[PDB]
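Given as structure tokens, the chain that follows is alone and in the form deposited in one PDB entry.
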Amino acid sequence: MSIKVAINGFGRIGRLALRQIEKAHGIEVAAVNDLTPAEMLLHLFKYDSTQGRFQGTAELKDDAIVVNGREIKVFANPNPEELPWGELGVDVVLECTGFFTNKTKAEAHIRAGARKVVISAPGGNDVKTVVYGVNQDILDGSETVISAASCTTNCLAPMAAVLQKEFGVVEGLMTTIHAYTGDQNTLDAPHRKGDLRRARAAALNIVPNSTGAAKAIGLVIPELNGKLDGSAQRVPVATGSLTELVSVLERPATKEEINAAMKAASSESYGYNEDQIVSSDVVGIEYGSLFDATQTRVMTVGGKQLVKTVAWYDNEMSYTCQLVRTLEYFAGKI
């Protein structure tokens, strides 16, 4: 009995999740719901400006899409409760719309008949937050709604964990230079949420914006709670991002010690890089985070240290792969 998945919101994250889940074993995507006709969804899945064509068969059947010979039901109801996840017997729902990133709203899928919900973004203090390779253990399968956190959280968390475990962290400020995203406008225009800076043209500007990945780091690594705060700078790349962390450490450290600590911590989720890469090189990586040893810097002024550690991540593909990893692990327990 293979786990059944439905994807709510066939956006960048939802669509890439279908690509990765197809390769995954024990999981298949029974249905997708998005407020657009199925013809549009098929096109956007087949062709991709940043991630390349889907390496597989994609065809259109009436009210459905056939991916590699398997039909996937398509729905367009904006209200989650109305969706027939119960009639489909779906096990888990990927909440990728960005409008139901909270415990109560995610439960609407449970009312529709879905057993569990995983949110493709932060979901508040009431739901569990998981960065794979850091705190996947906390899941026991009993939770109805969990959150895979933000893309920046999946990039920062492994890097911050190593600094805390090996040297201890007093405090840190995080600056993430981030690719532009959907909430930004194509050209200067009114913004739905009221942000005067996302209202501005995404591809023309360095755009300051807030991010909570550092403050909310407490939900992933409790030992780091309250020690980090951060900001963001959105820049004209359609995908590909990096995370800088200026941190004060409890124990003194050398740039070689830090890089060696990260290399030991490398996993399927956390990569170690020594080449002189740039953002385009990170597009499509499956790591949730890619630590760049070249960017490590330790500065010592009068026996006082300030440390910069940097990790690349593809806000789209890196997060998606971490999302699928958390989805598989959550199925084993659930």
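The term rigid core refers to the maximal set of C-alpha atoms that superpose within 1.5 Å between the two forms. Sequential numbering from 1, following the sequence displayed. Only residues modelled in both forms are compared.
The following text describes the form deposited in another entry, which does not appear among the structures shown.
TODO: Determine, with the core as the superposition reference, the one member of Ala238, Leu88, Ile110, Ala121 that shifts its CA by 2 Å or more between the shown form and the other one.
DONE: None of the others reach 2 Å, which leaves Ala238.
TODO: For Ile138, decide whether the Cα shift between the shown form and the other one is 2 Å or greater, given a superposition on the rigid core.
DONE: No, shifts by less than 2 Å.
- [ ] Could you tell me whether the Cα atom of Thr101 shifts by at least 2 Å between the shown form and the other one after core superposition?
- [x] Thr101: C-alpha displaced by less than 2 Å between the shown form and the other one.
TODO: Please say whether, between the shown form and the other one, the C-alpha of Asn259 moves by 2 Å or more once the core is aligned.
DONE: Comparing the forms between the shown form and the other one, which are aligned on their rigid core, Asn259 does not shift its C-alpha by 2 Å or more.
TODO: Using the rigid core for the fit, write out the stretches of 3 or more consecutive residues with CA shifts of 2 Å or more between the shown form and the other one, ordered by sequence.
DONE: 199 to 210, 234 to 239, 301 to 304 are the stretches that shift between the shown form and the other one.
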